[PDB]
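Asks: Chains as they are written, first to last, in full-length UniProt numbering: chain B, 1 to 318; chain E, 7 to 73.
Yeah, the Cβ is synthetic: ideal placement off N, Cα and C, and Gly gets one too.
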Ligand SMILES: CCCCCCCCCCCCCCCCCC(=O)OC[C@H](COP(=O)(O)OCCN)OC(=O)CCCCCCCCCCCCCCCCC
C-alpha cells in the first residue's frame with residue numbers, strides 16, 4: 001500500500017497551502033485593527049472552498065504572441081519540485097530514507113529557479129521579460145550565502161543524513177552554539193523564496209506584478225499554490241535543522257504533535273513581518289550580500305572547522 | 007446666547023517627543039551574548055565526546071562475530 005502512503009501526503013497538504021491563504025489575512029488583519037474574512041464562513045473557515053472554484057471557471061486566456069510549448073512545461077514544474085522536495089523529510093519517519101539526502105534539497109532548491117526563467121521568457125516583453133530576468137539574478141546569489149551556512153553546522157553533527165540530525169539536537173536545541181549563523185539561515189529563505197522585505201520578484205511597488213502578470217485564473221492558481229508550497233517547507237525544514245524535537249520510540253505521535261506546534265509558529269513569521277517592513281531597491285538588495293552577509297559566512301567556516309578539532313570533539317560519523 | 011467656549015480650564019496636552027527606553031545598552035550586550043555561545047559549546051564536547059564512546063562500542067559487535 002506504499003502508493004496509498006504517498007497519495008495521503010500530496011492530498012492532505014494541499015489543504016494547508018489552501019487554508020494558509022485564509023490565515024494570511026486574519027493574522028495580518030489584526031495587525032491593521034480589523035477582522036478577517038468573516039461574512040461567508042460563518043467564521044471564514046469556509047472561504048477557501050469558494051475561492052478555489054472561482055478561478056477554474058474563469059476563462060484562461062493565452063497571449064496571441066506567446067510560444068505555447070514553453071507556456072506549459074514551465075508551470076508543470078512549479079508544482080513538481082514543490083511537491084517532490086517534501087519526500088525525504090523526517091516527521092519522524094520520512095517516506096524515503098536517503099543516505100546523504102540533506103544535499104538532495106539543494107539539488108531541488110537549485111532547480112526551481114530554472115522554472116522562473118522559462119515562464120517570464122516564455123511569454124513576452126519587458127514587464128515579464130527583463131522583469132523575469134533580474135529576479136533570476138538575485139535568486140542565485142542567495143545560494144552562496146546558503147550552502148555554506150548549511151555546511152557549517154554539518155561539521156557540528158557529523159554526516160549528511162537526517163536521522164542523525166535528530167540525535168545530535170537531543171538536549172541542546174542546536175540554536176545555542178551557532179546563533180550567529182541561525183540569523184542568516186533565516187534572512188536567506190526569506191530572501192530566496194521572494195517574500196516580504198525583499199519582495200521584488202513578485203511585483204507590487206517596483207513594477208506592476210512580477211512573473212504572475214500574464215496567467216489568468218487558469219494557470220495562476222498553480223503558482224499561487226506553488227509559491228506557497230515552498231514557503232511552508234523551508235520553514236518545516238528549518239525546525240528539523242535547528243529547533244529539534246525529542247524523538248520517542250514509543251509514542252511517535254507525540255513527536256509530530258509537538259513538532260507542528262513549532263514549525264507552525266515559526267512560519268507565522270513571514271506573515272508577522274510583511275505587515276512591518278518596506279523594500280530594498282534592487283541595488284541595495286545584492287549590494288548588501290557580497291559586501292556584508294558573505295565575509296562572515298566564510299569567516300565562521302574557518303571557525304566551526306577548528307572548534308571540533310581543537311577540543312577533541314570530532315563528531316562520530318563518516 | 008448659547009455659544010461654545012467653556013468658562014475656564016483646559017489642558018493642554020503637549021506636542022513633545024520622547025520614547026528612548028533601553029534595554030541593556032552599551033556593551034551590556036556582547037557580554038551576555040558571548041556568554042551564551044560558550045555554554046553552547048561546553049554542552050558539546052561532552053555529548054559529542056560521549057557519542058563517540060558508543061561509536062566504538064557499535065563497531066565492536068561487528069568485529070566480535072564475523073569470523
Ligand atoms: C514534464 C513531464 C515529463 C517529465 C516526467 C518525468 C520527470 C522526472 C524528473 C526527475 C526529477 C528528479 C530526479 C532527481 C534524481 C535524484 C535521485 C536521488 O537523489 O536519490 C537518492 C538516492 C541516493 O542513494 P543512497 O541514499 O545514497 O543509498 C541508499 C542505500 N539504500 O538514490 C537512490 O536511492 C537510487 C536512485 C534510484 C532512482 C533511479 C534514478 C532516478 C533518477 C532518474 C531521473 C531521470 C531524469 C529525468 C529528467 C530530469 C530533469 C530535471
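(1) If we cut at 8 Å on Cβ distances, does residue 30 of chain E have a partner in chain B?
(2) How long is the line joining the alpha carbons of residue 77 of chain B and residue 127 of chain B, rounded to whole angstroms?
(3) In the DSSP assignment, find the alpha helix (DSSP H) that holds residue 80 of chain B and state where it starts and stops.
(4) Could you tell me which whole beta strand (DSSP E) segments of length 3 or greater appear in the region 222-298 of chain B?
(5) How about residue 71 of chain B: is its Cβ closer than 7 Å to a heavy atom in ligand 1?
(6) Which two residues bound the contiguous alpha helix (DSSP H) that contains residue 54 of chain E?
(7) What residue does the alpha helix (DSSP H) around residue 105 of chain B start on, and which one ends it?
(8) Alpha carbon to alpha carbon, how far is residue 40 of chain E from residue 53 of chain E? Give it in angstroms, no decimals.
(9) Could you give the distance in angstroms between the alpha-carbon of residue 147 of chain B and the alpha-carbon of residue 38 of chain B?
(10) Taking 7 Å as the cut-off, does the CB of residue 87 of chain B come closer than this to any heavy atom belonging to ligand 1?
(11) Given the structure, does residue 111 of chain B come close to ligand 1, in the sense that its CB is under 7 Å from one of the ligand's heavy atoms?
(12) What I want to know is whether the C-beta of residue 76 of chain B ends up closer than 7 Å to one or more non-hydrogen atoms of ligand 1.
(13) With H, G and I counted as helix, E and B as strand and the rest as coil, what does DSSP make of residue 132 of chain B?
(14) Indicate whether residue 274 of chain B and residue 231 of chain B have their beta-carbon atoms separated by less than 8 Å.
(15) Confirm the yes/no value for this check: CB of residue 104 of chain B, any heavy atom of ligand 3, distance under 7 Å.
Replies: Reading from the atomic positions:
(1) no
(2) 22 Å
(3) Here residue 80 of chain B belongs to no alpha helix (DSSP H), and DSSP marks it neither H nor E.
(4) none
(5) no
(6) 53-70
(7) For residue 105 of chain B, the enclosing alpha helix (DSSP H) starts and ends at 102-110.
(8) 21 Å
(9) 43 Å
(10) no
(11) At least one heavy atom of ligand 1 is nearer than 7 Å to the Cβ of residue 111 of chain B, so yes.
(12) yes
(13) Residue 132 of chain B sits in coil when the DSSP states are folded into three classes, being neither helix nor strand.
(14) no
(15) In the structure on display, ligand 3 does not appear, and the ligands it does have are ligand 1.
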